[PDB]
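Reproduced below: data23.cif, with mmCIF, N, CA, C and O atoms.
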data_upload
#
loop_
_atom_site.label_atom_id
_atom_site.label_comp_id
_atom_site.auth_asym_id
_atom_site.auth_seq_id
_atom_site.Cartn_x
_atom_site.Cartn_y
_atom_site.Cartn_z
N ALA S 111 24.17 11.06 -63.64
CA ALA S 111 23.87 10.81 -62.24
C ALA S 111 23.66 12.12 -61.48
O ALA S 111 22.73 12.24 -60.66
N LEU S 112 24.50 13.13 -61.75
CA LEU S 112 24.30 14.43 -61.12
C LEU S 112 22.98 15.06 -61.57
O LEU S 112 22.30 15.72 -60.78
N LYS S 113 22.60 14.83 -62.83
CA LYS S 113 21.33 15.34 -63.33
C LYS S 113 20.15 14.69 -62.62
O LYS S 113 19.19 15.36 -62.22
N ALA S 114 20.20 13.36 -62.45
CA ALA S 114 19.13 12.66 -61.75
C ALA S 114 19.03 13.10 -60.30
O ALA S 114 17.93 13.22 -59.74
N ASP S 115 20.18 13.35 -59.65
CA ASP S 115 20.13 13.82 -58.27
C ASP S 115 19.55 15.23 -58.19
O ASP S 115 18.80 15.55 -57.26
N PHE S 116 19.88 16.08 -59.17
CA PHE S 116 19.30 17.42 -59.20
C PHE S 116 17.79 17.36 -59.37
O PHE S 116 17.05 18.16 -58.77
N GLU S 117 17.31 16.40 -60.16
CA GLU S 117 15.86 16.27 -60.36
C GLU S 117 15.17 15.74 -59.10
O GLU S 117 14.09 16.22 -58.73
N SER S 118 15.78 14.76 -58.42
CA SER S 118 15.19 14.30 -57.17
C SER S 118 15.17 15.43 -56.14
O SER S 118 14.24 15.54 -55.34
N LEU S 119 16.19 16.29 -56.19
CA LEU S 119 16.25 17.41 -55.25
C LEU S 119 15.15 18.43 -55.53
O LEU S 119 14.51 18.93 -54.60
N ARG S 120 14.92 18.76 -56.81
CA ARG S 120 13.85 19.71 -57.11
C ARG S 120 12.49 19.12 -56.72
O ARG S 120 11.61 19.85 -56.24
N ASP S 121 12.33 17.80 -56.88
CA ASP S 121 11.06 17.18 -56.51
C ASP S 121 10.83 17.23 -55.01
O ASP S 121 9.73 17.52 -54.54
N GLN S 122 11.88 16.95 -54.23
CA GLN S 122 11.73 17.04 -52.78
C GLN S 122 11.50 18.48 -52.34
O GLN S 122 10.76 18.71 -51.37
N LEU S 123 12.08 19.45 -53.05
CA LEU S 123 11.78 20.85 -52.74
C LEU S 123 10.30 21.15 -52.96
O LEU S 123 9.66 21.79 -52.11
N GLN S 124 9.75 20.71 -54.09
CA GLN S 124 8.34 20.98 -54.35
C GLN S 124 7.45 20.27 -53.34
O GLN S 124 6.43 20.83 -52.92
N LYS S 125 7.83 19.07 -52.91
CA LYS S 125 7.04 18.38 -51.89
C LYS S 125 7.07 19.13 -50.56
O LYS S 125 6.01 19.32 -49.94
N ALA S 126 8.25 19.56 -50.12
CA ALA S 126 8.34 20.29 -48.86
C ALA S 126 7.63 21.63 -48.92
O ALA S 126 7.10 22.10 -47.91
N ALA S 127 7.60 22.27 -50.10
CA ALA S 127 6.87 23.53 -50.22
C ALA S 127 5.37 23.31 -50.22
O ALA S 127 4.63 24.09 -49.60
N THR S 128 4.89 22.27 -50.89
CA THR S 128 3.47 21.94 -50.88
C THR S 128 2.96 21.52 -49.51
O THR S 128 1.83 21.85 -49.15
N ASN S 129 3.78 20.82 -48.71
CA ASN S 129 3.34 20.30 -47.42
C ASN S 129 3.67 21.22 -46.25
O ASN S 129 4.29 20.78 -45.28
N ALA S 130 3.27 22.49 -46.32
CA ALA S 130 3.55 23.46 -45.27
C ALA S 130 2.27 24.05 -44.68
O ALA S 130 2.29 25.14 -44.10
N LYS S 131 1.14 23.36 -44.82
CA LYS S 131 -0.14 23.88 -44.40
C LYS S 131 -0.32 23.80 -42.89
O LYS S 131 0.26 22.94 -42.21
N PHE S 132 -1.14 24.70 -42.36
CA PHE S 132 -1.66 24.61 -41.00
C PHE S 132 -3.10 25.09 -41.01
O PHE S 132 -3.39 26.18 -41.51
N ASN S 133 -4.00 24.27 -40.46
CA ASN S 133 -5.44 24.55 -40.46
C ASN S 133 -5.97 24.75 -41.88
O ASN S 133 -6.90 25.53 -42.11
N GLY S 134 -5.37 24.06 -42.85
CA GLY S 134 -5.81 24.14 -44.22
C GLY S 134 -5.27 25.31 -45.02
O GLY S 134 -5.62 25.46 -46.19
N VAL S 135 -4.42 26.15 -44.42
CA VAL S 135 -3.87 27.32 -45.09
C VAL S 135 -2.38 27.38 -44.83
O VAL S 135 -1.88 26.88 -43.81
N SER S 136 -1.66 28.00 -45.76
CA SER S 136 -0.20 28.06 -45.67
C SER S 136 0.30 29.34 -46.32
O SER S 136 -0.31 29.85 -47.26
N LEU S 137 1.41 29.85 -45.79
CA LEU S 137 2.08 31.02 -46.32
C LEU S 137 3.19 30.70 -47.31
O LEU S 137 3.77 31.62 -47.89
N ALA S 138 3.50 29.42 -47.52
CA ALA S 138 4.65 29.04 -48.33
C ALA S 138 4.31 28.57 -49.74
O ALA S 138 5.08 28.85 -50.66
N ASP S 139 3.20 27.87 -49.94
CA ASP S 139 2.89 27.25 -51.22
C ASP S 139 2.45 28.25 -52.28
O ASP S 139 2.40 27.89 -53.46
N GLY S 140 2.15 29.49 -51.90
CA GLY S 140 1.72 30.49 -52.85
C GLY S 140 0.27 30.43 -53.25
O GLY S 140 -0.13 31.12 -54.19
N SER S 141 -0.54 29.62 -52.56
CA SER S 141 -1.96 29.52 -52.86
C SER S 141 -2.71 30.83 -52.61
O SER S 141 -3.75 31.05 -53.24
N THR S 142 -2.21 31.68 -51.73
CA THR S 142 -2.86 32.96 -51.45
C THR S 142 -1.78 34.01 -51.23
O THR S 142 -0.68 33.71 -50.77
N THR S 143 -2.11 35.25 -51.61
CA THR S 143 -1.17 36.35 -51.48
C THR S 143 -0.86 36.71 -50.03
O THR S 143 0.24 37.18 -49.75
N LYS S 144 -1.81 36.51 -49.12
CA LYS S 144 -1.63 36.97 -47.75
C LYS S 144 -2.66 36.31 -46.85
O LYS S 144 -3.63 35.72 -47.32
N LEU S 145 -2.44 36.43 -45.54
CA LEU S 145 -3.42 36.07 -44.53
C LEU S 145 -3.46 37.17 -43.49
O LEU S 145 -2.42 37.70 -43.08
N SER S 146 -4.67 37.52 -43.05
CA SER S 146 -4.89 38.55 -42.05
C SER S 146 -5.39 37.91 -40.77
O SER S 146 -6.10 36.90 -40.81
N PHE S 147 -5.03 38.50 -39.64
CA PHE S 147 -5.44 38.03 -38.33
C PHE S 147 -5.89 39.20 -37.48
O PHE S 147 -5.43 40.33 -37.66
N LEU S 148 -6.80 38.93 -36.54
CA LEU S 148 -7.37 39.99 -35.72
C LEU S 148 -6.29 40.66 -34.89
O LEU S 148 -5.40 40.00 -34.35
N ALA S 149 -6.37 41.98 -34.79
CA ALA S 149 -5.41 42.78 -34.05
C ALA S 149 -6.06 43.94 -33.30
O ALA S 149 -5.35 44.84 -32.85
N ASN S 150 -7.38 43.94 -33.18
CA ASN S 150 -8.12 45.05 -32.60
C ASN S 150 -9.53 44.54 -32.29
O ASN S 150 -10.05 43.68 -33.01
N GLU S 151 -10.13 45.07 -31.23
CA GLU S 151 -11.51 44.69 -30.94
C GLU S 151 -12.50 45.29 -31.94
O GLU S 151 -13.64 44.82 -32.01
N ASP S 152 -12.08 46.31 -32.69
CA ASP S 152 -12.89 46.87 -33.76
C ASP S 152 -12.82 46.05 -35.04
O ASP S 152 -13.57 46.34 -35.98
N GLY S 153 -11.94 45.05 -35.10
CA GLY S 153 -11.81 44.22 -36.27
C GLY S 153 -10.64 44.54 -37.19
O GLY S 153 -10.59 43.99 -38.29
N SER S 154 -9.73 45.41 -36.78
CA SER S 154 -8.55 45.69 -37.59
C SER S 154 -7.67 44.44 -37.70
O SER S 154 -7.51 43.68 -36.74
N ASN S 155 -7.09 44.25 -38.88
CA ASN S 155 -6.34 43.05 -39.20
C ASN S 155 -4.84 43.25 -38.98
O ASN S 155 -4.34 44.38 -38.94
N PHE S 156 -4.14 42.13 -38.83
CA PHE S 156 -2.68 42.08 -38.80
C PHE S 156 -2.26 41.28 -40.03
O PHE S 156 -2.18 40.06 -39.98
N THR S 157 -2.01 41.98 -41.13
CA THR S 157 -1.67 41.32 -42.38
C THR S 157 -0.31 40.63 -42.28
O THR S 157 0.63 41.14 -41.68
N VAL S 158 -0.22 39.45 -42.89
CA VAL S 158 1.02 38.70 -43.00
C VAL S 158 1.18 38.30 -44.46
O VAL S 158 0.52 37.36 -44.93
N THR S 159 2.03 39.03 -45.19
CA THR S 159 2.25 38.74 -46.60
C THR S 159 2.83 37.34 -46.77
O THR S 159 3.74 36.93 -46.04
N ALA S 160 2.28 36.59 -47.72
CA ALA S 160 2.79 35.27 -48.02
C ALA S 160 4.13 35.38 -48.74
O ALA S 160 4.36 36.29 -49.54
N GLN S 161 5.02 34.43 -48.45
CA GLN S 161 6.34 34.35 -49.07
C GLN S 161 6.43 32.99 -49.74
O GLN S 161 6.71 31.98 -49.10
N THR S 162 6.17 32.97 -51.05
CA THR S 162 6.11 31.71 -51.80
C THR S 162 7.46 31.02 -51.78
O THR S 162 8.49 31.64 -52.04
N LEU S 163 7.45 29.72 -51.49
CA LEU S 163 8.66 28.91 -51.47
C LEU S 163 8.59 27.75 -52.45
O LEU S 163 9.51 26.92 -52.48
N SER S 164 7.53 27.67 -53.25
CA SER S 164 7.42 26.65 -54.28
C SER S 164 8.39 26.95 -55.41
O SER S 164 8.99 28.02 -55.49
N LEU Q 2 -41.20 46.18 3.33
CA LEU Q 2 -39.82 46.44 3.71
C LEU Q 2 -39.30 45.40 4.70
O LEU Q 2 -38.53 44.51 4.34
N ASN Q 3 -39.74 45.51 5.96
CA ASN Q 3 -39.27 44.65 7.04
C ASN Q 3 -40.22 43.47 7.24
O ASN Q 3 -40.43 42.97 8.34
N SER Q 4 -40.76 43.00 6.12
CA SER Q 4 -41.61 41.82 6.08
C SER Q 4 -40.82 40.58 6.50
O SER Q 4 -39.63 40.45 6.20
N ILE Q 5 -41.50 39.68 7.20
CA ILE Q 5 -40.91 38.39 7.56
C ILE Q 5 -41.03 37.36 6.45
O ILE Q 5 -40.21 36.43 6.39
N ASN Q 6 -42.01 37.50 5.55
CA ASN Q 6 -42.27 36.46 4.55
C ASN Q 6 -41.17 36.37 3.50
O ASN Q 6 -40.96 35.30 2.92
N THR Q 7 -40.45 37.46 3.24
CA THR Q 7 -39.47 37.42 2.17
C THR Q 7 -38.38 38.47 2.39
O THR Q 7 -38.64 39.56 2.91
N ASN Q 8 -37.16 38.10 1.99
CA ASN Q 8 -36.02 39.01 1.96
C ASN Q 8 -35.26 38.95 0.63
O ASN Q 8 -34.58 37.95 0.34
N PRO Q 9 -35.39 39.98 -0.21
CA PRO Q 9 -34.70 39.96 -1.52
C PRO Q 9 -33.19 39.83 -1.43
O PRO Q 9 -32.57 39.25 -2.33
N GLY Q 10 -32.58 40.36 -0.37
CA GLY Q 10 -31.13 40.35 -0.29
C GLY Q 10 -30.55 38.95 -0.22
O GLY Q 10 -29.49 38.68 -0.78
N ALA Q 11 -31.24 38.04 0.48
CA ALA Q 11 -30.78 36.66 0.49
C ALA Q 11 -30.87 36.02 -0.89
O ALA Q 11 -29.99 35.23 -1.26
N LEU Q 12 -31.88 36.38 -1.68
CA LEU Q 12 -31.96 35.85 -3.04
C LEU Q 12 -30.82 36.37 -3.89
O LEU Q 12 -30.21 35.61 -4.66
N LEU Q 13 -30.50 37.65 -3.76
CA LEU Q 13 -29.38 38.19 -4.53
C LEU Q 13 -28.05 37.59 -4.09
O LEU Q 13 -27.16 37.36 -4.92
N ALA Q 14 -27.90 37.32 -2.79
CA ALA Q 14 -26.68 36.68 -2.31
C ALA Q 14 -26.57 35.25 -2.83
O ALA Q 14 -25.47 34.80 -3.19
N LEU Q 15 -27.70 34.54 -2.91
CA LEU Q 15 -27.69 33.21 -3.51
C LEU Q 15 -27.29 33.28 -4.97
O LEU Q 15 -26.54 32.42 -5.46
N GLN Q 16 -27.76 34.30 -5.69
CA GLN Q 16 -27.40 34.42 -7.10
C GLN Q 16 -25.91 34.70 -7.27
O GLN Q 16 -25.25 34.13 -8.14
N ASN Q 17 -25.35 35.56 -6.41
CA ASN Q 17 -23.93 35.88 -6.52
C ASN Q 17 -23.07 34.67 -6.16
O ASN Q 17 -22.05 34.40 -6.82
N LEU Q 18 -23.47 33.92 -5.13
CA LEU Q 18 -22.72 32.72 -4.77
C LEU Q 18 -22.83 31.65 -5.85
O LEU Q 18 -21.86 30.94 -6.12
N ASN Q 19 -23.99 31.55 -6.50
CA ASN Q 19 -24.13 30.60 -7.59
C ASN Q 19 -23.25 30.98 -8.77
O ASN Q 19 -22.65 30.12 -9.43
N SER Q 20 -23.13 32.29 -9.04
CA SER Q 20 -22.29 32.72 -10.16
C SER Q 20 -20.82 32.44 -9.89
O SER Q 20 -20.11 31.92 -10.77
N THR Q 21 -20.35 32.76 -8.68
CA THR Q 21 -18.95 32.45 -8.38
C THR Q 21 -18.71 30.95 -8.33
O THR Q 21 -17.63 30.49 -8.72
N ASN Q 22 -19.70 30.16 -7.88
CA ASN Q 22 -19.53 28.71 -7.89
C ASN Q 22 -19.46 28.17 -9.32
O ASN Q 22 -18.70 27.24 -9.60
N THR Q 23 -20.21 28.77 -10.24
CA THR Q 23 -20.17 28.33 -11.63
C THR Q 23 -18.81 28.63 -12.25
O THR Q 23 -18.20 27.76 -12.89
N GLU Q 24 -18.31 29.85 -12.05
CA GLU Q 24 -16.99 30.16 -12.60
C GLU Q 24 -15.89 29.35 -11.91
O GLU Q 24 -14.88 29.01 -12.54
N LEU Q 25 -16.08 29.01 -10.63
CA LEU Q 25 -15.10 28.18 -9.95
C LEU Q 25 -15.09 26.76 -10.52
O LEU Q 25 -14.02 26.16 -10.67
N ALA Q 26 -16.27 26.21 -10.84
CA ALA Q 26 -16.30 24.91 -11.49
C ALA Q 26 -15.66 24.96 -12.87
O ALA Q 26 -14.98 24.02 -13.29
N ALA Q 27 -15.84 26.08 -13.58
CA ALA Q 27 -15.23 26.20 -14.90
C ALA Q 27 -13.71 26.23 -14.81
O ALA Q 27 -13.02 25.52 -15.56
N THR Q 28 -13.16 27.03 -13.89
CA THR Q 28 -11.71 27.04 -13.73
C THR Q 28 -11.20 25.72 -13.17
O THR Q 28 -10.07 25.32 -13.49
N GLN Q 29 -12.00 25.01 -12.37
CA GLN Q 29 -11.59 23.70 -11.89
C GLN Q 29 -11.47 22.70 -13.03
O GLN Q 29 -10.53 21.89 -13.07
N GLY Q 30 -12.40 22.74 -13.98
CA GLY Q 30 -12.28 21.87 -15.13
C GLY Q 30 -11.13 22.25 -16.04
O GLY Q 30 -10.41 21.39 -16.56
N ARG Q 31 -10.90 23.56 -16.19
CA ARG Q 31 -9.75 24.01 -16.97
C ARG Q 31 -8.43 23.61 -16.33
O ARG Q 31 -7.45 23.38 -17.04
N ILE Q 32 -8.40 23.52 -15.00
CA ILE Q 32 -7.18 23.11 -14.31
C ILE Q 32 -6.98 21.61 -14.41
O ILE Q 32 -5.89 21.13 -14.73
N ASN Q 33 -8.04 20.83 -14.15
CA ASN Q 33 -7.89 19.38 -14.16
C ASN Q 33 -7.63 18.83 -15.56
O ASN Q 33 -7.01 17.77 -15.68
N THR Q 34 -8.06 19.53 -16.61
CA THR Q 34 -7.70 19.10 -17.96
C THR Q 34 -6.39 19.70 -18.45
O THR Q 34 -5.60 19.01 -19.10
N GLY Q 35 -6.13 20.97 -18.12
CA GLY Q 35 -4.96 21.66 -18.62
C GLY Q 35 -5.12 22.33 -19.96
O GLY Q 35 -4.16 22.94 -20.45
N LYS Q 36 -6.30 22.24 -20.58
CA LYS Q 36 -6.60 22.93 -21.83
C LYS Q 36 -7.68 23.96 -21.58
O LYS Q 36 -8.67 23.67 -20.90
N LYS Q 37 -7.50 25.16 -22.13
CA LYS Q 37 -8.60 26.11 -22.14
C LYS Q 37 -9.71 25.66 -23.07
O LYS Q 37 -10.87 26.05 -22.89
N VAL Q 38 -9.39 24.84 -24.06
CA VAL Q 38 -10.37 24.28 -25.00
C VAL Q 38 -10.24 22.77 -24.89
O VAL Q 38 -9.54 22.12 -25.68
N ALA Q 39 -10.89 22.19 -23.88
CA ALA Q 39 -10.83 20.76 -23.61
C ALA Q 39 -11.83 19.94 -24.40
O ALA Q 39 -11.54 18.79 -24.74
N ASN Q 40 -13.00 20.51 -24.71
CA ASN Q 40 -14.07 19.76 -25.34
C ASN Q 40 -14.90 20.71 -26.18
O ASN Q 40 -14.70 21.93 -26.16
N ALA Q 41 -15.84 20.14 -26.94
CA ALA Q 41 -16.61 20.92 -27.90
C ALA Q 41 -17.45 21.99 -27.23
O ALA Q 41 -17.74 23.03 -27.84
N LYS Q 42 -17.88 21.77 -25.98
CA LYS Q 42 -18.67 22.78 -25.29
C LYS Q 42 -17.86 24.03 -24.98
O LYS Q 42 -18.43 25.13 -24.89
N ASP Q 43 -16.54 23.90 -24.81
CA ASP Q 43 -15.73 25.06 -24.44
C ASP Q 43 -15.68 26.09 -25.56
O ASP Q 43 -15.75 27.30 -25.31
N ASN Q 44 -15.57 25.62 -26.81
CA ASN Q 44 -15.51 26.48 -27.99
C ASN Q 44 -15.48 25.58 -29.22
O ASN Q 44 -14.46 24.93 -29.49
N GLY Q 45 -16.58 25.53 -29.96
CA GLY Q 45 -16.72 24.50 -30.99
C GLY Q 45 -15.76 24.67 -32.15
O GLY Q 45 -15.25 23.69 -32.70
N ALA Q 46 -15.50 25.92 -32.54
CA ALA Q 46 -14.67 26.16 -33.72
C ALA Q 46 -13.22 25.76 -33.48
O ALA Q 46 -12.63 25.00 -34.26
N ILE Q 47 -12.63 26.26 -32.39
CA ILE Q 47 -11.25 25.93 -32.08
C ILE Q 47 -11.11 24.45 -31.78
O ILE Q 47 -10.09 23.83 -32.10
N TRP Q 48 -12.14 23.85 -31.18
CA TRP Q 48 -12.10 22.42 -30.88
C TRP Q 48 -12.12 21.58 -32.15
O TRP Q 48 -11.37 20.60 -32.26
N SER Q 49 -12.96 21.94 -33.13
CA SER Q 49 -12.97 21.19 -34.38
C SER Q 49 -11.67 21.37 -35.16
O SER Q 49 -11.14 20.41 -35.73
N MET Q 50 -11.13 22.60 -35.16
CA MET Q 50 -9.85 22.80 -35.83
C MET Q 50 -8.74 22.01 -35.14
O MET Q 50 -7.87 21.44 -35.81
N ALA Q 51 -8.80 21.92 -33.81
CA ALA Q 51 -7.81 21.15 -33.08
C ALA Q 51 -7.92 19.67 -33.36
O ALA Q 51 -6.90 19.00 -33.55
N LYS Q 52 -9.14 19.14 -33.43
CA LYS Q 52 -9.30 17.71 -33.72
C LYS Q 52 -8.84 17.38 -35.13
O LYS Q 52 -8.16 16.36 -35.34
N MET Q 53 -9.15 18.23 -36.10
CA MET Q 53 -8.73 17.92 -37.47
C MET Q 53 -7.22 18.04 -37.62
O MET Q 53 -6.59 17.18 -38.25
N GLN Q 54 -6.62 19.09 -37.06
CA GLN Q 54 -5.17 19.22 -37.17
C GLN Q 54 -4.45 18.13 -36.38
O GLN Q 54 -3.40 17.64 -36.82
N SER Q 55 -4.99 17.71 -35.23
CA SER Q 55 -4.40 16.61 -34.48
C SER Q 55 -4.52 15.29 -35.24
O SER Q 55 -3.61 14.46 -35.17
#

Please go through the file and, once you have read it, give me the structure as structure tokens.
Amino acid sequence: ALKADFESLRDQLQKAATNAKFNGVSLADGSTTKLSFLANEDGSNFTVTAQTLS
Amino acid sequence: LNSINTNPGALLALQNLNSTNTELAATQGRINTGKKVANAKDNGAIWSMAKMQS
């Protein structure tokens, strides 16, 4: 029973990690190493390193 | 110069008043809706991303 509960827990963890998208992109699922955002009128980026939670 | 048939300054004043009236209508719509991006005409990209995420 403890084993089955541990398995349901790992499955819910993977579901919560997969369902963390916003605008089709996410920093948690590990699909991409990073996302950059504008930080200058010349086009310089504001990098945000992804932190995988899967 | 001091012609009676036409005065350029009145035309330029009409253009300036039309420009401020246009921006005033824009801020009036932004106030009555409460969104800076209320519809597709305001900004198509952010509007489509907002509709899909909503």

Next on the checklist: Show me, as a ChimeraX atom specification, the residues that have an atom within 6 Å of segment 48-55 of chain Q when counting all atoms listed in the file, minus same-chain residues fewer than 6 positions from it.
Outcome noted: /Q:38,40-41

Checklist entry - Interatomic distance between atom N of residue 139 of chain S and atom O of residue 127 of chain S? => result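 So the two atoms, atom N of residue 139 of chain S and atom O of residue 127 of chain S, lie 4.1 Å apart.
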
Item to check | S:154, S:133, S:163, S:149 ranked by distance to chain Q, top pick (using only N, CA, C and O atoms) | outcome: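 Nearest to chain Q: S:133.
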
Item to check | Long-range neighbours of residue 137 of chain S as an MDAnalysis selection string, 9 Å cut-off, only C-alpha atoms, 3 positions minimum in chain | outcome: chainID S and resid 130:131 140:145 158:163

Please write the residues from the selection above to a file, keeping N, CA, C and O atoms, as a CSV table (one decimal), in the coordinates of the input.
chain,number,residue,atom,x,y,z
S,130,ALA,N,3.3,22.5,-46.3
S,130,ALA,CA,3.6,23.5,-45.3
S,130,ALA,C,2.3,24.0,-44.7
S,130,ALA,O,2.3,25.1,-44.1
S,131,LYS,N,1.1,23.4,-44.8
S,131,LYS,CA,-0.1,23.9,-44.4
S,131,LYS,C,-0.3,23.8,-42.9
S,131,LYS,O,0.3,22.9,-42.2
S,140,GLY,N,2.2,29.5,-51.9
S,140,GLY,CA,1.7,30.5,-52.8
S,140,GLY,C,0.3,30.4,-53.2
S,140,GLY,O,-0.1,31.1,-54.2
S,141,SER,N,-0.5,29.6,-52.6
S,141,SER,CA,-2.0,29.5,-52.9
S,141,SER,C,-2.7,30.8,-52.6
S,141,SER,O,-3.8,31.0,-53.2
S,142,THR,N,-2.2,31.7,-51.7
S,142,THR,CA,-2.9,33.0,-51.4
S,142,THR,C,-1.8,34.0,-51.2
S,142,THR,O,-0.7,33.7,-50.8
S,143,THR,N,-2.1,35.2,-51.6
S,143,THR,CA,-1.2,36.4,-51.5
S,143,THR,C,-0.9,36.7,-50.0
S,143,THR,O,0.2,37.2,-49.8
S,144,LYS,N,-1.8,36.5,-49.1
S,144,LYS,CA,-1.6,37.0,-47.8
S,144,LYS,C,-2.7,36.3,-46.8
S,144,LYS,O,-3.6,35.7,-47.3
S,145,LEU,N,-2.4,36.4,-45.5
S,145,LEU,CA,-3.4,36.1,-44.5
S,145,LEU,C,-3.5,37.2,-43.5
S,145,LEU,O,-2.4,37.7,-43.1
S,158,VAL,N,-0.2,39.4,-42.9
S,158,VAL,CA,1.0,38.7,-43.0
S,158,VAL,C,1.2,38.3,-44.5
S,158,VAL,O,0.5,37.4,-44.9
S,159,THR,N,2.0,39.0,-45.2
S,159,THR,CA,2.2,38.7,-46.6
S,159,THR,C,2.8,37.3,-46.8
S,159,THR,O,3.7,36.9,-46.0
S,160,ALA,N,2.3,36.6,-47.7
S,160,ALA,CA,2.8,35.3,-48.0
S,160,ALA,C,4.1,35.4,-48.7
S,160,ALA,O,4.4,36.3,-49.5
S,161,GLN,N,5.0,34.4,-48.4
S,161,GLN,CA,6.3,34.4,-49.1
S,161,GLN,C,6.4,33.0,-49.7
S,161,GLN,O,6.7,32.0,-49.1
S,162,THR,N,6.2,33.0,-51.0
S,162,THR,CA,6.1,31.7,-51.8
S,162,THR,C,7.5,31.0,-51.8
S,162,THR,O,8.5,31.6,-52.0
S,163,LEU,N,7.4,29.7,-51.5
S,163,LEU,CA,8.7,28.9,-51.5
S,163,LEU,C,8.6,27.8,-52.4
S,163,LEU,O,9.5,26.9,-52.5

Next on the checklist: Residues of chain Q classed as helix (DSSP H, G or I) by DSSP on the backbone are to be reported as a PyMOL selection string.
Outcome noted: chain Q and resi 9-34+45-54

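Between atom N of residue 25 of chain Q and atom C of residue 13 of chain Q the interatomic distance comes to 16.1 Å.
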
Checklist entry - Looking only at the backbone, which of the residues in chain S does DSSP tag as strand (DSSP E), as an MDAnalysis selection string? => result chainID S and resid 144:148 155:159

Item to check | atom CA of residue 27 of chain Q to atom C of residue 42 of chain Q, straight-line distance in Å | outcome: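 Here the two named atoms are 10.6 Å from each other.
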
Let me have the centre and edge lengths in Å, one decimal, of the box along x, y and z around every listed atom of segment 148-160 of chain S with 8 Å of margin on each side, as lines of an AutoDock Vina configuration file.
center_x = -4.6
center_y = 41.1
center_z = -40.2
size_x = 34.0
size_y = 27.6
size_z = 34.6
